[PDB]
Amino acid sequence: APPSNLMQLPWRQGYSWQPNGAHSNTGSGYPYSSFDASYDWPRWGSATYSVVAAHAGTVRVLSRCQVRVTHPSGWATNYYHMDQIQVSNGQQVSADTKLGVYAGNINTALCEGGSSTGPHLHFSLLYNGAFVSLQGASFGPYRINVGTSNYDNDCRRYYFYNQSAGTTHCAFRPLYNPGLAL
Ligand SMILES: [Zn+2]
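One rule links them: number in mature numbering (1 follows the signal peptide of the UniProt record, and there is no 0) = place in the sequence shown (from 1) + 205.
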């Protein structure tokens with residue numbers, strides 16, 4: 206309810222990135238708290254783009270590739286495979302405040318160890334410090350609908366519904382960010 210807890214998509218207002226299918230933070234668990242996004246889903250070494258806060262709150266920097274933003278209500282968002290982090294621990298931000306970019310290379314994207322296909326943001330929803338399901342969560346005019354397995358991207362099950370337009374938006378297609386809803 207708090208406007209400052211209202212969420213937008215985690216890239217700049219006025220811009221469009223391609224989401225993949227919802228999944229858990231680990232990629233093999235439950236609930237489906239996360240989706241990935243990238244402008245073009247390119248190979249390592251390509252240009253990458255600005256990640257922004259989905260909502261207002263307190264920044265905590267967990268490594269050079271991971272950032273958390275926590276709203277006073279207890280809702281929070283996690284941002285992973287980051288680079289060029291331009292916020293500090295304890296810093297106050299609002300929706301659309303730039304946090305950094307998603308990392309363009311293996312070394313920078315996987316600063317904590319592990320695997321990935323190529324440059325993208327790994328974005329997650331939390332409440333009370335725990336990862337929670339994205340099901341029914343709103344980002345601007347979009348209501349997210351979660352699929353039936355990790356990374357499920359079949360548009361009959363996984364999609365964003367735009368309440369301002371009556372349109373359904375699928376994985377691996379540009380998703381426009383109009384910012385916060387009134
Ligand atoms: Zn992910």
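Heads up, the beta-carbon is just placed ideally off N, CA and C, and yes, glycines get one too.
Quick one: Cα of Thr302 to Cα of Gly262, how far?
11 Å
Between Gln218 and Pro383, is the Cβ-Cβ spacing less than 8 Å?
yes
Taking contact to mean at least 3 C-beta pairs separated by less than 8 Å, is the region 298-312 in contact with the region 280-289?
yes
Taking its Cβ as the centre, do 16 or more other Cβ atoms sit within 10 Å of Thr372, making it buried, or is it exposed?
exposed
Assuming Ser299 and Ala242 form a contact by the criterion Cβ under 8 Å, report the distance between their Cβ atoms to the nearest whole angstrom.
Actually they are not in contact, since the Cβ atoms of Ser299 and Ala242 sit about 20 Å apart, beyond 8 Å.
Is the closest heavy atom of ligand 1 to the C-beta of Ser209 under 7 Å?
no
Indicate, with yes or no, if ligand 1 has a heavy atom lying under 7 Å from the CB of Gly232.
yes
Could you check which residue in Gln223, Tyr364, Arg265 has the C-alpha nearest to that of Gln296?
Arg265
When every heavy atom of ligand 1 is checked, does at least one fall within less than 7 Å of the C-beta of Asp288?
no
Which residue from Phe377, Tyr356, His374, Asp245 puts its Cα closest to that of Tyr235?
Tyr356
Which residues share a DSSP beta bridge with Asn367?
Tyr347, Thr372
I'd like the span of the beta strand (DSSP E) that includes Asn283, first residue to last.
280-285
What distance in whole Å lies between the Cβ atoms of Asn225 and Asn358, which are believed to be in contact at a cut-off of 8 Å?
6 Å
Local Cβ density within 10 Å of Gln213, reported as buried at 16 or more and exposed below that
buried
CB contact flag (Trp222, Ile311, <8 Å)
no
Identify the continuous alpha helix (DSSP H) that holds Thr313 and give its terminal residues.
311-314
Reduced DSSP secondary structure (H/G/I, E/B, other) of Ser329:
strand
On the DSSP letters alone, give me the boundaries of the beta strand (DSSP E) that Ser221 sits inside.
221-224
Whole angstroms is fine: what's the gap from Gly309's alpha carbon to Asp288's?
8 Å
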